[PDB]
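Peer 1: Below is coords-v8.txt; it holds compact mmCIF, C-alpha atoms.
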```
# COMPACT_ATOMS: atom_id res chain seq x y z
CA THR A 29 8.14 10.29 20.60
CA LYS A 30 4.62 9.10 21.41
CA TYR A 31 3.99 5.50 22.50
CA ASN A 32 0.29 4.58 22.38
CA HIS A 33 -1.77 1.41 22.05
CA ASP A 34 -1.79 1.51 18.23
CA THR A 35 1.99 1.72 17.84
CA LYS A 36 2.30 -1.18 20.28
CA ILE A 37 -0.09 -3.38 18.29
CA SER A 38 1.63 -2.60 14.99
CA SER A 39 5.08 -3.12 16.51
CA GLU A 40 3.89 -6.48 17.84
CA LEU A 41 2.53 -7.53 14.44
CA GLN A 42 5.83 -6.64 12.77
CA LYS A 43 7.53 -8.99 15.24
CA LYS A 44 5.06 -11.80 14.49
CA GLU A 45 5.68 -11.25 10.78
CA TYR A 46 9.42 -11.41 11.48
CA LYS A 47 8.84 -14.65 13.41
CA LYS A 48 6.98 -16.07 10.36
CA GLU A 49 3.71 -16.52 12.23
CA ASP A 50 0.44 -17.11 10.38
CA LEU A 51 -1.31 -13.75 10.71
CA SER A 52 -4.39 -15.14 8.94
CA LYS A 53 -5.19 -17.10 12.11
CA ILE A 54 -5.39 -13.75 13.93
CA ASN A 55 -7.47 -12.04 11.23
CA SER A 56 -8.92 -14.00 8.31
CA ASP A 57 -9.09 -10.74 6.30
CA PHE A 58 -5.27 -10.68 6.15
CA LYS A 59 -3.96 -10.91 2.59
CA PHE A 60 -0.25 -10.02 2.51
CA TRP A 61 2.48 -7.95 4.14
CA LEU A 62 3.46 -4.53 2.78
CA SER A 63 6.67 -2.54 3.14
CA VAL A 64 8.20 0.45 1.35
CA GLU A 65 11.96 0.97 1.14
CA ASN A 66 13.47 3.78 3.22
CA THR A 67 10.20 4.34 5.11
CA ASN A 68 8.56 3.04 8.27
CA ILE A 69 5.71 1.59 6.19
CA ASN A 70 5.84 -2.02 7.38
CA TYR A 71 2.32 -3.25 8.09
CA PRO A 72 -0.17 -6.02 7.32
CA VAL A 73 -2.80 -5.53 4.63
CA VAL A 74 -6.34 -6.81 5.13
CA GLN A 75 -9.47 -6.79 2.96
CA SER A 76 -13.14 -6.46 3.90
CA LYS A 77 -16.29 -6.41 1.77
CA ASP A 78 -16.07 -2.61 1.41
CA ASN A 79 -13.55 0.26 1.53
CA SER A 80 -14.48 1.71 4.92
CA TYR A 81 -14.53 -1.00 7.61
CA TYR A 82 -10.81 -0.87 8.43
CA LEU A 83 -10.71 2.94 8.49
CA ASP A 84 -11.33 2.81 12.26
CA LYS A 85 -10.55 -0.84 13.05
CA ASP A 86 -7.14 -2.23 13.98
CA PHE A 87 -5.87 -5.71 13.04
CA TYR A 88 -7.77 -7.22 16.00
CA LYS A 89 -11.04 -5.57 14.83
CA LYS A 90 -11.05 -3.12 17.76
CA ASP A 91 -11.66 0.61 17.52
CA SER A 92 -8.53 2.47 16.44
CA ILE A 93 -7.95 5.87 14.86
CA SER A 94 -4.96 4.44 12.99
CA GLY A 95 -7.07 1.65 11.51
CA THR A 96 -5.37 -0.95 9.32
CA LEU A 97 -3.94 -0.87 5.82
CA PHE A 98 -6.64 -2.43 3.66
CA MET A 99 -6.70 -3.35 -0.01
CA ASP A 100 -9.62 -2.26 -2.20
CA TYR A 101 -12.53 -4.71 -1.94
CA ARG A 102 -12.82 -4.90 -5.74
CA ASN A 103 -9.35 -6.43 -6.21
CA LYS A 104 -9.20 -10.22 -6.51
CA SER A 105 -5.66 -11.48 -7.20
CA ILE A 106 -2.01 -10.44 -7.22
CA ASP A 107 -2.29 -10.57 -11.03
CA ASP A 108 -4.74 -7.65 -11.16
CA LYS A 109 -3.40 -4.70 -13.12
CA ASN A 110 -3.94 -2.09 -10.38
CA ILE A 111 -3.75 -3.11 -6.71
CA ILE A 112 -4.96 -0.28 -4.45
CA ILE A 113 -4.15 -0.07 -0.73
CA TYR A 114 -5.59 2.58 1.60
CA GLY A 115 -4.03 3.96 4.77
CA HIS A 116 -4.18 6.96 7.06
CA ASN A 117 -1.79 9.92 7.24
CA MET A 118 -1.30 9.77 11.00
CA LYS A 119 0.16 12.80 12.78
CA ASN A 120 2.61 10.61 14.73
CA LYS A 121 4.31 9.55 11.45
CA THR A 122 2.73 6.10 11.16
CA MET A 123 0.64 4.11 8.63
CA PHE A 124 0.77 5.92 5.24
CA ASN A 125 2.33 9.11 6.62
CA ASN A 126 5.71 8.36 5.04
CA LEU A 127 4.12 8.56 1.59
CA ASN A 128 4.81 12.29 2.00
CA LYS A 129 8.54 11.52 1.80
CA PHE A 130 8.00 10.96 -1.93
CA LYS A 131 7.27 14.69 -2.27
CA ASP A 132 11.04 15.18 -1.95
CA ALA A 133 12.57 15.21 -5.42
CA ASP A 134 15.84 13.63 -4.27
CA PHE A 135 13.95 10.88 -2.42
CA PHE A 136 11.79 10.30 -5.51
CA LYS A 137 14.82 9.99 -7.79
CA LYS A 138 16.11 7.24 -5.50
CA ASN A 139 14.48 3.95 -6.49
CA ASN A 140 12.44 3.08 -3.41
CA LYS A 141 10.58 -0.16 -4.12
CA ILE A 142 7.17 -1.23 -2.84
CA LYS A 143 7.43 -4.76 -1.48
CA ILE A 144 4.49 -7.16 -1.18
CA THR A 145 5.22 -10.38 0.73
CA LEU A 146 2.69 -13.14 0.12
CA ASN A 147 3.04 -16.90 0.71
CA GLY A 148 6.81 -16.72 1.03
CA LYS A 149 7.07 -14.70 -2.19
CA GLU A 150 8.31 -11.12 -2.63
CA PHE A 151 6.80 -8.85 -5.28
CA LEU A 152 8.91 -5.75 -5.96
CA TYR A 153 7.27 -2.67 -7.49
CA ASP A 154 9.43 0.27 -8.59
CA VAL A 155 7.83 3.63 -7.81
CA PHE A 156 7.31 5.78 -10.90
CA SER A 157 4.61 8.31 -9.92
CA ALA A 158 3.84 10.34 -6.79
CA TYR A 159 1.50 13.30 -6.37
CA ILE A 160 -1.11 14.95 -4.16
CA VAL A 161 -4.79 14.52 -4.97
CA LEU A 168 -8.00 4.93 -8.73
CA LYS A 169 -9.49 2.21 -10.96
CA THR A 170 -9.22 -1.51 -10.25
CA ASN A 171 -11.21 -2.81 -13.25
CA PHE A 172 -10.13 -2.24 -16.86
CA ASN A 173 -12.29 -3.51 -19.71
CA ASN A 174 -9.48 -3.79 -22.28
CA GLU A 175 -5.86 -2.76 -22.84
CA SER A 176 -6.88 0.73 -23.99
CA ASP A 177 -8.53 1.62 -20.68
CA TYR A 178 -5.48 0.33 -18.80
CA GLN A 179 -2.99 2.18 -21.02
CA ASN A 180 -5.02 5.39 -20.67
CA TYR A 181 -4.91 4.90 -16.90
CA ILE A 182 -1.12 4.53 -17.12
CA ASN A 183 -0.73 7.77 -19.10
CA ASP A 184 -3.11 9.48 -16.66
CA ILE A 185 -1.15 8.68 -13.49
CA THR A 186 2.27 9.09 -15.15
CA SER A 187 1.67 12.71 -16.20
CA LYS A 188 0.08 13.42 -12.80
CA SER A 189 3.43 12.69 -11.14
CA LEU A 190 5.22 15.66 -9.59
CA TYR A 191 8.51 14.38 -11.06
CA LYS A 192 9.49 12.57 -14.23
CA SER A 193 10.57 9.09 -13.38
CA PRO A 194 13.48 7.27 -15.05
CA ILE A 195 11.25 4.18 -14.82
CA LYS A 196 8.72 3.95 -17.67
CA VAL A 197 5.60 1.78 -17.62
CA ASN A 198 3.42 0.23 -20.33
CA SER A 199 0.39 -2.07 -20.42
CA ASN A 200 2.67 -5.11 -19.96
CA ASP A 201 3.37 -4.15 -16.33
CA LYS A 202 1.42 -4.54 -13.10
CA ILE A 203 0.77 -1.47 -10.96
CA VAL A 204 0.35 -1.11 -7.19
CA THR A 205 -1.21 2.06 -5.76
CA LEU A 206 -0.74 3.35 -2.22
CA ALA A 207 -3.39 6.01 -1.58
CA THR A 208 -4.00 7.94 1.63
CA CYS A 209 -7.51 8.18 3.07
CA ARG A 217 -3.97 13.13 0.31
CA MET A 218 -0.73 11.61 -0.99
CA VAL A 219 -0.78 8.94 -3.73
CA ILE A 220 2.13 6.96 -5.19
CA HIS A 221 2.31 4.30 -7.90
CA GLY A 222 4.70 1.40 -8.39
CA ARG A 223 5.22 -0.96 -11.33
CA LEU A 224 6.31 -4.58 -11.68
```
Output the file's structure in the form of structure tokens.
Peer 2:
Amino acid sequence: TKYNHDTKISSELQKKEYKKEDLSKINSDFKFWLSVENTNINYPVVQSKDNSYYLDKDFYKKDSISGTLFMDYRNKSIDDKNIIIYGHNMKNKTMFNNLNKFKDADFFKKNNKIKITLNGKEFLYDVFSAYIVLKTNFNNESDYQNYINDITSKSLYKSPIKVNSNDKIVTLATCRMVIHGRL
């Protein structure tokens, strides 16, 4: 079990989140907290002006190979139809490494929910698609529904949870494993 500077920073931020501290006063790019059931994915999510800055920057904007979970720069609100979050597949089983656990068919059949915590509110997304390999803007309902059929049939396993254009989707993509949840 490796203990390095990155696992210490992330473990300290999980404690501050548990102590209900305002993480925005540490990093103004902070948007919400993210966790996935039955995984060690329990990290803050930030957002920059692009989709590359936090690839090699930790929550304190220092150089880090683990980086920070960051949401796509194109997304604007929690009411967007597809919220995309990017994270690394670290060899020490951190960040988005536990997305690989959704390759297991028995684990996938278990309803592991994606949890977004924002302003004292919990948003639960039931995972319905997981596969190995991303649109944030949809012009109309047809483009969104086509996107739903696209990622549903891409799933390695049929999910008992079905999704239509009346749902909101969250996407956890590695920067490659990719999973999709629905609200």
Peer 1: Might you pull out every residue within 12 Å of residue 203 of chain A, with only C-alpha atoms counted and same-chain residues fewer than 3 positions away left off, and present them as a PyMOL selection string?
Peer 2: chain A and resi 106-113+142+144+151-157+168-170+178-179+181-182+185-186+196-200+206+220-224
Peer 1: With all atoms listed in the file as the basis for distance, which of A:93, A:190, A:123, A:37 is at the shortest distance from residue 73 of chain A?
Peer 2: A:123
Peer 1: Quick check, in Å to one decimal: how far apart do atom CA of residue 84 of chain A and atom CA of residue 96 of chain A lie?
Peer 2: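 Those two atoms sit 7.6 Å apart.
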Peer 1: Nearest to residue 83 of chain A among A:31, A:98, A:159, A:124, with distances taken over all atoms listed in the file: which residue is it?
Peer 2: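 Of the candidates, the smallest distance to residue 83 of chain A is held by A:98.
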Peer 1: Counting all atoms listed in the file, which residues of segment 160-204 of chain A fall within 10 Å of segment 125-131 of chain A, and what is the closest atom pair for each with its distance in Å at one decimal, ordered by chain and rising number, as a Markdown table?
Peer 2:
```
| residue | atom | partner | partner_atom | distance |
| --- | --- | --- | --- | --- |
| A:160 | CA | A:131 | CA | 8.6 |
| A:189 | CA | A:131 | CA | 9.9 |
| A:190 | CA | A:131 | CA | 7.7 |
| A:191 | CA | A:131 | CA | 8.9 |
```
Peer 1: Enter the distance from atom CA of residue 87 of chain A to atom CA of residue 71 of chain A, in Å, rounded to one decimal.
Peer 2: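 So the answer is 9.9 Å.
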Peer 1: Report, in Å with one decimal, the straight-line distance from atom CA of residue 177 of chain A to atom CA of residue 202 of chain A.
Peer 2: 13.9 Å
Peer 1: With 3 Å on each side, where is the centre of the axis-aligned box around all listed atoms of segment 138-154 of chain A, and how long are its edges in Å to one decimal, as AutoDock Vina command-line options?
Peer 2:
```
--center_x 9.4 --center_y -4.8 --center_z -3.8 --size_x 19.4 --size_y 30.1 --size_z 15.6
```
Peer 1: With distances taken over all atoms listed in the file, which of A:158, A:176, A:149, A:50 is nearest to residue 132 of chain A?
Peer 2: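 Smallest separation from residue 132 of chain A among the options: A:158.
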Peer 1: Can you tell me which residues surround residue 58 of chain A at a distance of at most 12 Å, considering all atoms listed in the file, apart from same-chain residues fewer than 6 positions away, and format the answer as a PyMOL selection string?
Peer 2: chain A and resi 41+45+50-52+71-76+82+86-89+96-99+145-147
Peer 1: Go through A:171, A:193, A:120, A:63 one by one, measure the shortest atom-to-atom distance of each to residue 101 of chain A using all atoms listed in the file, and give the residue with the smallest value.
Peer 2: A:171
Peer 1: Looking at only C-alpha atoms, which of A:78, A:40, A:195, A:47 is the one that sits closest to residue 138 of chain A?
Peer 2: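 The shortest atom-to-atom distance to residue 138 of chain A comes from A:195.
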Peer 1: Please provide as a PDB file with C-alpha atoms, keeping the file's coordinate frame all residues within 6 Å of segment 64-69 of chain A, with the sequence filter that same-chain residues fewer than 6 positions apart are discarded (counting all atoms listed in the file).
Peer 2:
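Written file, around_5.pdb:
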```pdb
ATOM      1  CA  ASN A 140      12.440   3.080  -3.410  1.00  0.00           C
ATOM      2  CA  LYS A 141      10.580  -0.160  -4.120  1.00  0.00           C
ATOM      3  CA  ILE A 142       7.170  -1.230  -2.840  1.00  0.00           C
ATOM      4  CA  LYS A 143       7.430  -4.760  -1.480  1.00  0.00           C
TER       5      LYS A 143
END
```
Peer 1: Find the residue from A:92, A:70, A:205, A:103 that sits nearest to residue 122 of chain A; use only C-alpha atoms when measuring.
Peer 2: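 Result for the nearest residue to residue 122 of chain A: A:70.
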Peer 1: Just segment 60-171 of chain A from the block, C-alpha atoms, as an mmCIF file, in the first residue's frame, could you?
Peer 2:
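selection.cif, written as the output of this step:
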```cif
data_model
loop_
_atom_site.group_PDB
_atom_site.id
_atom_site.type_symbol
_atom_site.label_atom_id
_atom_site.label_comp_id
_atom_site.auth_asym_id
_atom_site.auth_seq_id
_atom_site.Cartn_x
_atom_site.Cartn_y
_atom_site.Cartn_z
ATOM 1 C CA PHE A 60 -19.358 19.892 -6.296
ATOM 2 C CA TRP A 61 -18.344 16.684 -4.546
ATOM 3 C CA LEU A 62 -18.480 13.326 -6.332
ATOM 4 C CA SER A 63 -18.730 9.791 -4.972
ATOM 5 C CA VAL A 64 -19.619 6.395 -6.437
ATOM 6 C CA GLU A 65 -21.168 3.633 -4.341
ATOM 7 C CA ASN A 66 -18.977 0.629 -3.491
ATOM 8 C CA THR A 67 -15.837 2.355 -4.806
ATOM 9 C CA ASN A 68 -13.113 4.593 -3.419
ATOM 10 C CA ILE A 69 -14.184 7.373 -5.811
ATOM 11 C CA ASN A 70 -14.739 10.180 -3.301
ATOM 12 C CA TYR A 71 -13.172 13.378 -4.610
ATOM 13 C CA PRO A 72 -13.864 17.045 -5.360
ATOM 14 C CA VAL A 73 -14.747 18.132 -8.886
ATOM 15 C CA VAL A 74 -13.356 21.373 -10.309
ATOM 16 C CA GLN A 75 -13.789 23.170 -13.633
ATOM 17 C CA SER A 76 -11.341 25.271 -15.656
ATOM 18 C CA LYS A 77 -11.718 27.063 -18.996
ATOM 19 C CA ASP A 78 -10.562 23.942 -20.875
ATOM 20 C CA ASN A 79 -10.372 20.150 -20.530
ATOM 21 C CA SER A 80 -6.639 19.812 -19.861
ATOM 22 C CA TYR A 81 -5.536 22.124 -17.034
ATOM 23 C CA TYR A 82 -6.382 19.750 -14.176
ATOM 24 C CA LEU A 83 -4.836 16.730 -15.900
ATOM 25 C CA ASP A 84 -1.571 17.457 -14.055
ATOM 26 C CA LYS A 85 -2.741 19.861 -11.327
ATOM 27 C CA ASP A 86 -3.990 18.870 -7.879
ATOM 28 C CA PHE A 87 -6.694 20.724 -5.930
ATOM 29 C CA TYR A 88 -4.109 23.272 -4.730
ATOM 30 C CA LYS A 89 -3.003 23.962 -8.345
ATOM 31 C CA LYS A 90 0.364 22.243 -7.827
ATOM 32 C CA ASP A 91 1.943 19.710 -10.162
ATOM 33 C CA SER A 92 0.499 16.235 -9.618
ATOM 34 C CA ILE A 93 0.348 13.129 -11.794
ATOM 35 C CA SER A 94 -3.015 12.251 -10.228
ATOM 36 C CA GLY A 95 -4.455 15.649 -11.134
ATOM 37 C CA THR A 96 -7.997 16.469 -10.051
ATOM 38 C CA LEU A 97 -11.406 15.294 -11.180
ATOM 39 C CA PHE A 98 -12.646 18.063 -13.462
ATOM 40 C CA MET A 99 -15.968 18.576 -15.200
ATOM 41 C CA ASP A 100 -16.072 19.420 -18.907
ATOM 42 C CA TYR A 101 -15.627 23.149 -19.494
ATOM 43 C CA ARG A 102 -18.667 23.243 -21.802
ATOM 44 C CA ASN A 103 -21.129 22.237 -19.068
ATOM 45 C CA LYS A 104 -22.973 25.068 -17.325
ATOM 46 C CA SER A 105 -25.535 23.795 -14.793
ATOM 47 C CA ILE A 106 -26.673 20.707 -12.907
ATOM 48 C CA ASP A 107 -29.694 20.741 -15.248
ATOM 49 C CA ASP A 108 -27.586 19.985 -18.329
ATOM 50 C CA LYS A 109 -28.549 16.731 -20.006
ATOM 51 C CA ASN A 110 -25.034 15.218 -20.019
ATOM 52 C CA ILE A 111 -22.553 16.124 -17.274
ATOM 53 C CA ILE A 112 -19.065 14.815 -18.108
ATOM 54 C CA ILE A 113 -16.305 14.383 -15.514
ATOM 55 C CA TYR A 114 -12.733 13.371 -16.379
ATOM 56 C CA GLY A 115 -10.262 11.529 -14.168
ATOM 57 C CA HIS A 116 -7.129 9.427 -14.377
ATOM 58 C CA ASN A 117 -6.788 5.647 -14.116
ATOM 59 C CA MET A 118 -4.008 5.687 -11.540
ATOM 60 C CA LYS A 119 -1.951 2.537 -11.003
ATOM 61 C CA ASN A 120 -2.292 2.838 -7.202
ATOM 62 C CA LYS A 121 -6.099 2.384 -7.489
ATOM 63 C CA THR A 122 -7.069 6.044 -7.042
ATOM 64 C CA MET A 123 -9.037 8.734 -8.930
ATOM 65 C CA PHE A 124 -11.116 7.033 -11.683
ATOM 66 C CA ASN A 125 -9.359 3.665 -11.388
ATOM 67 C CA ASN A 126 -12.372 2.033 -9.720
ATOM 68 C CA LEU A 127 -14.421 2.650 -12.868
ATOM 69 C CA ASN A 128 -12.866 -0.660 -13.967
ATOM 70 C CA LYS A 129 -14.915 -2.403 -11.264
ATOM 71 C CA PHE A 130 -17.937 -1.866 -13.531
ATOM 72 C CA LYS A 131 -16.393 -4.339 -15.989
ATOM 73 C CA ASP A 132 -17.523 -7.049 -13.562
ATOM 74 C CA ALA A 133 -20.978 -8.256 -14.593
ATOM 75 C CA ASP A 134 -22.059 -8.985 -11.013
ATOM 76 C CA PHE A 135 -20.884 -5.548 -9.864
ATOM 77 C CA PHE A 136 -22.710 -3.943 -12.800
ATOM 78 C CA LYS A 137 -25.963 -5.747 -11.985
ATOM 79 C CA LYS A 138 -25.761 -4.269 -8.490
ATOM 80 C CA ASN A 139 -27.210 -0.750 -8.558
ATOM 81 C CA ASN A 140 -24.202 1.402 -7.685
ATOM 82 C CA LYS A 141 -25.312 5.034 -7.768
ATOM 83 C CA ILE A 142 -23.266 8.077 -8.751
ATOM 84 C CA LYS A 143 -23.700 10.754 -6.092
ATOM 85 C CA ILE A 144 -23.191 14.478 -6.696
ATOM 86 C CA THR A 145 -23.254 16.644 -3.566
ATOM 87 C CA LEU A 146 -23.796 20.341 -4.255
ATOM 88 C CA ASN A 147 -24.989 23.083 -1.876
ATOM 89 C CA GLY A 148 -26.246 20.603 0.701
ATOM 90 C CA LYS A 149 -28.154 18.665 -1.978
ATOM 91 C CA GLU A 150 -27.585 15.081 -3.129
ATOM 92 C CA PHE A 151 -28.176 14.087 -6.760
ATOM 93 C CA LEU A 152 -28.359 10.312 -7.249
ATOM 94 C CA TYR A 153 -27.663 8.840 -10.697
ATOM 95 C CA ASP A 154 -28.277 5.135 -11.331
ATOM 96 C CA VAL A 155 -25.600 3.570 -13.536
ATOM 97 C CA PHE A 156 -27.022 2.025 -16.712
ATOM 98 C CA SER A 157 -24.056 1.805 -19.121
ATOM 99 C CA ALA A 158 -20.374 0.907 -18.780
ATOM 100 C CA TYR A 159 -17.850 0.089 -21.499
ATOM 101 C CA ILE A 160 -14.285 0.575 -22.718
ATOM 102 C CA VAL A 161 -13.556 3.165 -25.400
ATOM 103 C CA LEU A 168 -19.144 12.393 -25.095
ATOM 104 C CA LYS A 169 -21.424 15.291 -26.066
ATOM 105 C CA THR A 170 -22.467 18.070 -23.687
ATOM 106 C CA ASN A 171 -24.585 20.129 -26.116
#
```
